[PDB]
Every structure is written in C-alpha cells, then in structure tokens.
Amino acid sequence: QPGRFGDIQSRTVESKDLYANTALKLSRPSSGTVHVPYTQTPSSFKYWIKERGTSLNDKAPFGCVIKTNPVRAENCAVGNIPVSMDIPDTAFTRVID
Amino acid sequence: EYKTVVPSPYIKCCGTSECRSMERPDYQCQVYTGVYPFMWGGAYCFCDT
Amino acid sequence: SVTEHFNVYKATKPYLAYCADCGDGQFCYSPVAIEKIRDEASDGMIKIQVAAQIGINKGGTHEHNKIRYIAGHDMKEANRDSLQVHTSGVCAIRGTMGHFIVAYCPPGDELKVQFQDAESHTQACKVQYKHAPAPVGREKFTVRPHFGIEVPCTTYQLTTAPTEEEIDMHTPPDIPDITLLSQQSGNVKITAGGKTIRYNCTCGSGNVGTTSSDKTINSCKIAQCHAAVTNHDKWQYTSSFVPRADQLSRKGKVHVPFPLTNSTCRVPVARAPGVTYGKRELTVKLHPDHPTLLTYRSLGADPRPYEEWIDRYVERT
Amino acid sequence: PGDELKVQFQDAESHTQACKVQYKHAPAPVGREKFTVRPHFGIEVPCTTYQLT
Amino acid sequence: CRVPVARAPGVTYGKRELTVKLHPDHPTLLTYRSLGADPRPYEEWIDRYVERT
Amino acid sequence: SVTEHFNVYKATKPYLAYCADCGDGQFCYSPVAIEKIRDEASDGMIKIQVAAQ
Ligand SMILES: *[C@@H]1O[C@H](CO)[C@@H](O[C@@H]2O[C@H](CO)[C@@H](O[C@@H]3O[C@H](CO[C@H]4O[C@H](CO)[C@@H](O)[C@H](O)[C@@H]4O)[C@@H](O)[C@H](O[C@H]4O[C@H](CO)[C@@H](O)[C@H](O)[C@@H]4O)[C@@H]3O)[C@H](O)[C@H]2NC(C)=O)[C@H](O)[C@H]1NC(C)=O
Ligand SMILES: *[C@@H]1O[C@H](CO)[C@@H](O[C@@H]2O[C@H](CO)[C@@H](O[C@@H]3O[C@H](CO[C@H]4O[C@H](CO)[C@@H](O)[C@H](O)[C@@H]4O)[C@@H](O)[C@H](O[C@H]4O[C@H](CO)[C@@H](O)[C@H](O)[C@@H]4O)[C@@H]3O)[C@H](O)[C@H]2NC(C)=O)[C@H](O)[C@H]1NC(C)=O
C-alpha cells in the first residue's frame with residue numbers, strides 16, 4: 001500500500017521485478033518554465049524508522065533478554081529440563097573402606 | 001528505500017512526439033500540448049504554439 | 001587527495017537551473033541549484049548535489065581553493081572560501097568534491113547554499129527540507145559531554161575513489177540569446193563571437209545556417225530572426241530543469257563519491273537515582289536536566305510495562 | 001519569526017550599533033497551508049505587499 | 001503569492017461513511033459540512049499521518 | 001582599567017585545555033575554554049571564566 005510498510009517489494013537482494021506502487025502521477029508545467037512536476041506519497045521505509053515501537057526486551061514476559069543478530073531470546077526462566085545418566089561402577093567407593 | 005529517477009524533459013518546437021510504454025516498474029509517461037519554454041536568454045523554441 | 005581522481009571531470013561544465021527561491025523570495029537562474037539531497041547515514045551526515053563544480057579551475061586541474069561556475073555561457077571562477085551551508089544555524093562542511101557537498105547541519109526546516117561571486121555578489125539557493133535525525137541513545141542532549149559511553153551510528157567515508165554509482169551526463173541542448181541580433185537599417189547582423197549560431201529566419205531566404213562567422217541578410221527585421229548557440233563539446237548533468245537535447249541514449253558518466261561507514265558516538269549518562277525501600281515497593285526520586293526516559297517491567301508471567309519522559313524533579317513508586 | 005525586532009549596521013568607525021524593541025512578529029500564512037519557501041509548482045492566490053518604487 | 005497544494009488523499013468507500021487517509025508534511029486544514037438542513041462543520045490542523053472517518 | 005590593579009598579572013600565563021566541543025562537533029585542545037561559569041546574581045548575568053588571559 002502506498003505509504004504503509006512494504007510499498008517497494010523485491011523477491012531477493014539481487015533480482016528484478018520490483019513492486020513499486022507509490023501512486024506516481026504527473027501534471028503539466030505551469031506557464032513558462034522548463035520543469036516536470038509530479039506528486040507521490042513518501043517512503044514507507046522512512047515511516048518505519050520512527051513509527052516502529054520499542055524492542056521486545058522492554059516488555060518480554062519472563063525477564064528474558066532479546067539479542068538480535070542470530071535472533072535470540074536468551075536467558076529465559078520457564079519450565080524444567082529432565083535428565084538421565086549412567087555412571088560406571090569404578091566411580092563409586094565400596095563399603096569395605 | 002525507493003528512488004524515483006526522472007530524466008530531462010524532451011521538447012521540440014516544430015511538431016509532435018508520442019509515448020513509448022516501456023516496462024519499467026512504475027513507468028508513467030504523457031505528452032503535453034502547446035507550451036512556451038522561456039529559458040535564460042529569452043524564449044526557446046522560436047514559435048508561439 | 002589523489003589528483004587523478006578528477007580526470008572524470010575533464011570534459012564537464014556547470015549549468016544554470018531554475019532555483020525558484022534565492023533568499024529574497026523570488027525566482028532566479030542561479031549557478032547553485034539544489035538538485036536533490038539524500039540522507040542515509042545515522043549521525044545525520046547529509047550529502048548535497050549542487051550544480052556548480054567545486055575544487056577545479058577553468059583548465060580542469062585539481063586546485064583546492066577554487067570553484068568554477070557558469071554565467072551567461074561563459075566560464076568564471078570564484079573562491080572556495082566564503083562558501084557555507086546552514087539550515088537554521090551555521091554548520092561545518094566536512095569534505096567536498098565536484099558536485100557534492102557533505103555537511104553536518106543542526107535540525108531545521110530549510111536548507112541553503114551560498115558563495116561569494118567574482119564581482120562580490122552573494123547568490124544563493126534555498127529549498128524546503130525537513131532535517132531531523134534521531135539522536136542516539138535515550139537522552140535529549142545537544143553538546144558532547146567529556147564523560148560518557150559509546151553508542152554506534154553510521155556515517156560516510158571521506159575518500160574520493162570511484163565507487164559503483166553514477167549520474168549520467170549528455171551533450172547540452174542549446175542556449176537561445178537575443179543579444180546576438182542587431183538591426184541597423186533594414187539589416188539583421190548575426191555576430192558570431194567564436195561560436196556556431198543557428199537561426200530560423202523566415203523572410204524569404206534559407207532558415208538554416210551554422211554560420212561560425214558574421215552574416216547579414218539585409219532583408220529581415222529583428223522580430224523575425226532568432227539566434228541559438230549549438231554544437232558544444234563539454235558534457236553536463238541531465239537535470240530535470242534543463243531540457244533534453246535529443247531522444248538518444250546516455251553518453252557520459254561520473255561517480256558519486258563518499259561511500260558508507262559505521263561509526264560510534266559519545267552519549268551522556270544520567271546521574272544515579274535516589275531510592276527509598278520499605279514495603280514491597282520502592283519510592284524513587286529523579287533529578288533530570290535534559291529529558292530522560294524511565295521504564296520498567298515485571299519478571300513474572302504477566303509483565304506490566306511502563307514508560308514516560310521525565311523532565312523535572314518528580315517522584316514515582 | 002521571533003518576538004523582538006533588532007536592526008543594526010556598522011558605524012564608519014567600525015562599531016556595531018543597534019536598538020531593540022518588544023514586538024510580537026509571527027506572520028499568518030496566506031492560503032490554507034503553513035509553508036516556508038515558495039514551491040516551483042502550485043496556485044496563485046491574491047495578497048498584498050510593498051512595491052519597490 | 002504562490003502557494004503549495006496538498007496531495008490527493010486515498011479514500012475508502014464504506015457503508016454510509018468514508019475513510020480518508022491524510023499525508024501532510026507541513027500543516028494543512030481539513031473542513032467539511034453536511035449538505036442538508038443541518039450542517040455540523042468540522043475543522044482541524046492535521047500535522048502527521050492520521051486516518052479519519 | 002586601573003594600572004595598579006593589573007599588577008597581579010605578572011607570573012600568570014594562559015594555557016590550553018581539553019575542550020569537549022569546539023563548536024563543529026568534534027573535540028580539540030583549544031586555547032579558549034570554559035572552566036566554570038556562575039550566576040550568583042539573580043538576573044541573566046554571567047561571569048564566564050575563560051582560560052585565556
Ligand atoms: C523556421 O521557423 C518557422 C516558423 O515556425 C518554421 O516553420 C513552421 O514549421 C511548422 C512545422 O510543423 C509548420 O507547422 C505545420 O503547418 C502545416 C501547414 O500549415 C497549415 O496548418 C497549420 C495547422 O495544421 C496552421 O497553423 C497553418 O496556418 C496552415 O493553415 C501543417 O500541415 C502541420 O500540421 C502538423 O501538426 C498538426 C497539429 O496542429 C498535426 O495534426 C499534423 O498531422 C501535422 O503533423 C504543421 O502545423 C508551420 O506552418 C511553419 N511555419 C510557421 C510560420 O510557423 C520552420 O520549421 C523553422 N525552420 C526549421 C528548419 O525548423
Ligand atoms: C555496519 O555493520 C553491519 C554489521 O552487520 C554490516 O552489515 C553486514 O554487511 C555485509 C555486507 O556485505 C553483509 O554481508 C552480506 O549479507 C547478505 C545477506 O546476509 C545473509 O547471508 C549472510 C552470509 O551468508 C548471513 O550471515 C546472514 O545471516 C544472511 O543469511 C549476503 O547475501 C551476502 O552474501 C554475498 O557474499 C557472499 C560471500 O561472503 C557470497 O557467498 C554470496 O553469494 C553473496 O554474494 C553478504 O554476505 C552482512 O550480512 C551484514 N551483517 C548482518 C546483516 O548482520 C554493515 O555492512 C556495516 N556497514 C557498512 C557500511 O559496511
């Protein structure tokens with residue numbers, strides 16, 4: 001949509017076939033100047049630098065910190081992990097000594 | 001972040017020209033009727049219409 | 001500055017656009033002309049494309065303190081000193097070459113350039129631009145403090161190597177001029193001056209002549225013959241305020257300089273709050289000077305987030 | 001805009017002189033939009049000015 | 001004087017109502033009134049991206 | 001400017017210090033610097049203590 005996020009959409013970083021739908025429209029020059037006038041809505045990606053909210057780490061539920069680059073949710077506190085082990089007989093001490 | 005490229009306008013003071021209708025992603029073209037340019041040193045196209 | 005980087009500007013000349021406001025509030029045909037500016041860094045380092053080539057003398061050599069422009073299809077020069085930009089306050093220029101200026105300007109809602117003329121006549125070009133970068137961190141500060149921490153934000157380079165993006169340039173179309181005609185007594189006299197001049201005289205004669213010398217008709221009046229300088233040699237930027245020469249393809253290329261770089265910045269820290277404990281709560285006392293930003297959340301399954309910009313001495317619980 | 005008037009010039013002996021009065025300057029815009037500089041494409045709207053004669 | 005024009009807003013037709021989506025950059029007016037025997041006029045200085053009915 | 005009053009200024013020389021902001025955005029060891037300024041006055045008066053004799 002021309003003004004909300006994603007008005008210029010490409011399938012990958014190096015490709016073709018853009019999806020520009022920014023509502024471009026031309027008018028005619030006024031009387032005696034050489035100029036081309038037009039009108040379009042501004043960028044959605046420039047609205048989405050300041051209209052975006054805070055990050056999740058200010059209001060994530062269980063006090064977990066959210067990093068970003070290999071997107072994480074590190075140091076939660078929920079649930080419980082079960083374990084099961086098998087230690088050999090040489091680790092014990094016999095009841096003789 | 002998009003970038004609307006706009007070339008120089010083409011103008012010809014003897015007759016007419018026409019559209020092209022290419023396949024650029026948001027191509028938009030139109031030819032306008034009798035104009036009168038007024039560049040720096042007086043009028044440009046040396047006629048009136 | 002490697003002097004071989006300006007060899008792309010070897011066949012280039014500036015032009016005259018239609019900067020429609022010049023400070024005095026009326027239109028011009030100024031040398032300087034804010035074509036388009038673009039901001040894609042994060043420390044607020046804008047980059048301006050103007051028409052008057054800087055840092056190059058009339059011959060085409062890289063001289064630093066010189067700026068060549070155009071004035072009535074004639075090259076001139078002017079001084080690199082007394083060139084400054086300012087939005088709402090005077091701001092520094094950090095590196096510039098060719099058509100491109102790299103500024104550092106404070107927030108405002110306009111943008112102008114100016115440089116002193118060779119006849120000392122300050123000529124300018126302003127255009128409405130809303131400049132307001134997001135200040136890094138979580139305070140609202142104005143100057144650098146001498147004590148703080150480091151917060152990242154990108155910027156541009158200062159190198160002038162040719163990097164992968166360009167603007168096109170073409171043969172310049174025409175310059176019409178009514179100076180070149182004169183009517184003494186029943187005779188138009190097309191003076192040449194050293195340039196090929198086209199006419200369109202329609203009395204009874206031919207209407208095509210690429211006459212590189214003086215030529216008379218002895219039959220026309222001055223309201224019938226029309227002069228136009230043609231067939232130039234130096235390319236110029238295909239501006240949207242200058243008409244296209246013909247409907248052919250591109251002919252030239254010059255790189256746009258200053259590619260991108262991440263960087264850091266220093267941010268002030270707010271002083272430590274005063275606390276008061278006592279029953280399942282805390283009463284905090286806040287001392288801000290410039291508006292900071294308090295926030296908190298719970299640790300259970302249901303957080304209750306809260307945020308507020310604190311300005312003066314208040315207290316919360 | 002700004003709410004004080006100050007006019008000044010250099011003296012012949014190179015000393016800045018000025019006088020400053022308290023006056024509320026905030027001109028109302030002509031039309032229906034608050035704009036700063038004139039655009040290169042728009043409408044003409046009647047108004048008054050001071051002629052330079 | 002010369003004055004800029006605002007951009008054409010994107011409308012959306014619904015049941016006995018009208019959703020308009022405004023994109024100003026410098027502040028503009030927005031008035032309307034009914035055409036019957038009882039107008040209920042409106043006025044507001046729209047500054048940012050907003051949406052009205 | 002009493003000639004008997006300036007006679008303390010004999011062994012005193014101005015210095016250069018670490019200024020935070022030169023006025024362009026970056027730091028420099030500037031000759032002019034502010035150590036601390038005061039308004040123990042009750043109006044808009046200052047006694048700027050510059051690091052320059
Ligand atoms: C030197 O300067 C002179 C002065 O301008 C130029 O001469 C003009 O050249 C144009 C070329 O287009 C001429 O215009 C053409 O006139 C033809 C006949 O004229 C009659 O019809 C026109 C309108 O049709 C009337 O204005 C005129 O009075 C006559 O009644 C027309 O057949 C042409 O029609 C073209 O345009 C129409 C749109 O109006 C299209 O529908 C047609 O298909 C067709 O494409 C055209 O109007 C003009 O008459 C010439 N003389 C004058 C005095 O202007 C020279 O060209 C210039 N020298 C050079 C080298 O360029
Ligand atoms: C400021 O600091 C940031 C820090 O992140 C820099 O951002 C990095 O920029 C580089 C630019 O080259 C990015 O590298 C490119 O990433 C593209 C997309 O990323 C995907 O792939 C990479 C690698 O596979 C993954 O790490 C990532 O998670 C994504 O899955 C790739 O498509 C690019 O690949 C190209 O090169 C490789 C060789 O390395 C080829 O095999 C490919 O075929 C292709 O040609 C490239 O790797 C990097 O991802 C960015 N980091 C991020 C996003 O975290 C900024 O660049 C820096 N600012 C400046 C001005 O430099």
# chains A, B, ... in the order shown; residues from 1 in each chain; ligands from 1
>>> interface_residues(of="chain C", to="chain A", cutoff="10 Å", atoms="only C-alpha atoms", output="list in words")
residues 17, 18, 134, 239, 240, 241, 242, 243, 295, 296, 297, 298, 299, 300, 301, 302, 303, 304, 305, 306 and 307 of chain C
>>> write_last_selection(atoms="C-alpha atoms", output="compact mmCIF listing (two decimals), in the first residue's frame")
# COMPACT_ATOMS: atom_id res chain seq x y z
CA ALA C 17 18.94 25.68 -13.42
CA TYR C 18 15.77 27.33 -12.06
CA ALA C 134 17.07 10.63 15.63
CA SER C 239 18.99 17.93 -14.95
CA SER C 240 15.22 17.96 -14.69
CA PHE C 241 15.21 21.76 -15.06
CA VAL C 242 17.24 21.75 -18.31
CA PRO C 243 15.60 20.25 -21.42
CA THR C 295 10.96 2.33 32.01
CA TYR C 296 10.47 -0.95 33.84
CA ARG C 297 8.67 -4.28 33.62
CA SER C 298 7.86 -7.23 35.83
CA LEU C 299 9.57 -10.62 35.89
CA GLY C 300 6.59 -12.95 36.23
CA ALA C 301 4.31 -14.44 33.62
CA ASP C 302 2.48 -11.11 33.21
CA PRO C 303 4.69 -8.02 32.88
CA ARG C 304 3.19 -4.56 33.36
CA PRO C 305 5.42 -2.34 31.20
CA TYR C 306 5.50 1.40 31.68
CA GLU C 307 7.33 4.33 30.10
>>> residues_around(residues="residue 36 (chain B)", least_positions_apart="5", cutoff="9 Å", atoms="only C-alpha atoms", output="ChimeraX atom specification")
/A:31-34 /B:43-45,47-49
>>> write_last_selection(atoms="N, CA, C and O atoms", output="mmCIF file, in the first residue's frame")
data_model
loop_
_atom_site.group_PDB
_atom_site.id
_atom_site.type_symbol
_atom_site.label_atom_id
_atom_site.label_comp_id
_atom_site.auth_asym_id
_atom_site.auth_seq_id
_atom_site.Cartn_x
_atom_site.Cartn_y
_atom_site.Cartn_z
ATOM 1 N N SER A 31 3.424 27.836 -16.650
ATOM 2 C CA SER A 31 3.279 28.690 -17.821
ATOM 3 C C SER A 31 4.519 28.706 -18.696
ATOM 4 O O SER A 31 4.472 28.372 -19.882
ATOM 5 N N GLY A 32 5.633 29.100 -18.096
ATOM 6 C CA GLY A 32 6.813 29.465 -18.841
ATOM 7 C C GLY A 32 8.094 29.008 -18.189
ATOM 8 O O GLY A 32 9.078 29.746 -18.172
ATOM 9 N N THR A 33 8.089 27.828 -17.589
ATOM 10 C CA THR A 33 9.298 27.251 -17.030
ATOM 11 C C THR A 33 9.475 25.847 -17.580
ATOM 12 O O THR A 33 8.501 25.156 -17.878
ATOM 13 N N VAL A 34 10.730 25.426 -17.707
ATOM 14 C CA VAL A 34 11.022 24.052 -18.088
ATOM 15 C C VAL A 34 11.202 23.195 -16.837
ATOM 16 O O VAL A 34 12.288 23.122 -16.253
ATOM 17 N N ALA B 43 12.983 33.554 -25.050
ATOM 18 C CA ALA B 43 12.221 32.363 -25.380
ATOM 19 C C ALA B 43 13.101 31.344 -26.093
ATOM 20 O O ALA B 43 14.153 31.664 -26.647
ATOM 21 N N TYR B 44 12.655 30.093 -26.068
ATOM 22 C CA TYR B 44 13.479 28.981 -26.510
ATOM 23 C C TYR B 44 13.125 28.455 -27.888
ATOM 24 O O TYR B 44 13.996 28.379 -28.755
ATOM 25 N N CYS B 45 11.876 28.079 -28.121
ATOM 26 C CA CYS B 45 11.586 27.234 -29.264
ATOM 27 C C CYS B 45 11.274 28.030 -30.530
ATOM 28 O O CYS B 45 11.046 27.422 -31.582
ATOM 29 N N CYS B 47 8.840 29.736 -31.744
ATOM 30 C CA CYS B 47 7.475 29.890 -32.230
ATOM 31 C C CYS B 47 6.614 30.203 -31.016
ATOM 32 O O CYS B 47 7.132 30.411 -29.921
ATOM 33 N N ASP B 48 5.292 30.235 -31.191
ATOM 34 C CA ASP B 48 4.398 30.507 -30.073
ATOM 35 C C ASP B 48 3.500 29.341 -29.699
ATOM 36 O O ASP B 48 3.110 29.234 -28.532
ATOM 37 N N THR B 49 3.164 28.477 -30.646
ATOM 38 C CA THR B 49 2.369 27.288 -30.384
ATOM 39 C C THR B 49 2.926 26.181 -31.274
ATOM 40 O O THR B 49 4.040 26.301 -31.795
#
>>> interface_residues(of="chain C", to="chain D", cutoff="8 Å", atoms="only C-alpha atoms", output="PyMOL selection string")
chain C and resi 20-21+25+110+126-128
>>> write_last_selection(atoms="N, CA, C and O atoms", output="mmCIF file, in the first residue's frame")
data_model
loop_
_atom_site.group_PDB
_atom_site.id
_atom_site.type_symbol
_atom_site.label_atom_id
_atom_site.label_comp_id
_atom_site.auth_asym_id
_atom_site.auth_seq_id
_atom_site.Cartn_x
_atom_site.Cartn_y
_atom_site.Cartn_z
ATOM 1 N N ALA C 20 14.118 28.291 -7.592
ATOM 2 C CA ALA C 20 12.964 29.177 -7.564
ATOM 3 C C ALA C 20 12.845 29.991 -6.288
ATOM 4 O O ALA C 20 11.797 30.605 -6.068
ATOM 5 N N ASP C 21 13.870 30.008 -5.441
ATOM 6 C CA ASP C 21 13.881 30.897 -4.286
ATOM 7 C C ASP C 21 15.333 31.167 -3.944
ATOM 8 O O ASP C 21 16.126 30.226 -3.853
ATOM 9 N N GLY C 25 13.122 35.702 -1.894
ATOM 10 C CA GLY C 25 11.750 35.295 -2.087
ATOM 11 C C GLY C 25 11.221 35.393 -3.497
ATOM 12 O O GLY C 25 10.017 35.600 -3.667
ATOM 13 N N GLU C 110 14.711 24.102 6.545
ATOM 14 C CA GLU C 110 15.106 24.679 5.265
ATOM 15 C C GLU C 110 16.587 24.378 5.067
ATOM 16 O O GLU C 110 17.240 23.818 5.948
ATOM 17 N N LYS C 126 17.832 28.253 -1.850
ATOM 18 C CA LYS C 126 17.257 27.562 -0.708
ATOM 19 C C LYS C 126 16.041 26.756 -1.128
ATOM 20 O O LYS C 126 15.379 27.068 -2.121
ATOM 21 N N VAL C 127 15.767 25.699 -0.368
ATOM 22 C CA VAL C 127 14.691 24.774 -0.685
ATOM 23 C C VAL C 127 14.241 24.125 0.618
ATOM 24 O O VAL C 127 15.021 23.994 1.565
ATOM 25 N N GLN C 128 12.960 23.778 0.691
ATOM 26 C CA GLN C 128 12.377 23.316 1.943
ATOM 27 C C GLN C 128 12.764 21.871 2.195
ATOM 28 O O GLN C 128 12.349 20.975 1.454
#
>>> closest_atom_pairs(of="chain A", to="ligand 2", cutoff="8 Å", atoms="only C-alpha atoms and all ligand atoms", output="Markdown table")
| residue | atom | partner | partner_atom_place_in_ligand_line | distance |
| --- | --- | --- | --- | --- |
| A:13 | CA | ligand 2 | 32 (O) | 7.0 |
| A:69 | CA | ligand 2 | 54 (O) | 5.6 |
| A:70 | CA | ligand 2 | 28 (O) | 6.9 |
>>> residues_near_ligand(ligand="ligand 1", cutoff="6 Å", atoms="only C-alpha atoms and all ligand atoms", output="count of residues only")
6
>>> interface_residues(of="chain B", to="chain C", cutoff="8 Å", atoms="only C-alpha atoms", output="list in words")
residues 6, 7, 8, 9, 10, 11, 39, 40, 41, 42, 43, 44 and 46 of chain B
>>> residues_around(residues="residue 17 (chain A)", least_positions_apart="4", cutoff="9 Å", atoms="only C-alpha atoms", output="NGL selection string")
(:A and (9-11)) or (:B and (24-25))
>>> residues_around(residues="region 136-149 of chain C", least_positions_apart="3", cutoff="6 Å", atoms="only C-alpha atoms", output="ChimeraX atom specification")
/C:266-269,290-292 /F:20
>>> residues_around(residues="region 29-44 of chain E", least_positions_apart="4", cutoff="12 Å", atoms="only C-alpha atoms", output="JSON, numbers by chain")
{"D": [31, 32, 33, 34], "E": [5, 6, 9, 20, 21, 22, 23, 24, 48, 50, 52, 53]}
>>> residues_around(residues="residue 315 (chain C)", least_positions_apart="3", cutoff="9 Å", atoms="only C-alpha atoms", output="ChimeraX atom specification")
/C:283-286
>>> atom_distance(atom1="CA of residue 47 (chain F)", atom2="CA of residue 271 (chain C)")
26.5 Å
>>> atom_distance(atom1="CA of residue 55 (chain A)", atom2="CA of residue 282 (chain C)")
25.6 Å
>>> atom_distance(atom1="CA of residue 11 (chain C)", atom2="CA of residue 157 (chain C)")
25.9 Å
>>> closest_residue(among="D:12, D:3, D:26, D:43", to="chain A", atoms="only C-alpha atoms")
D:43
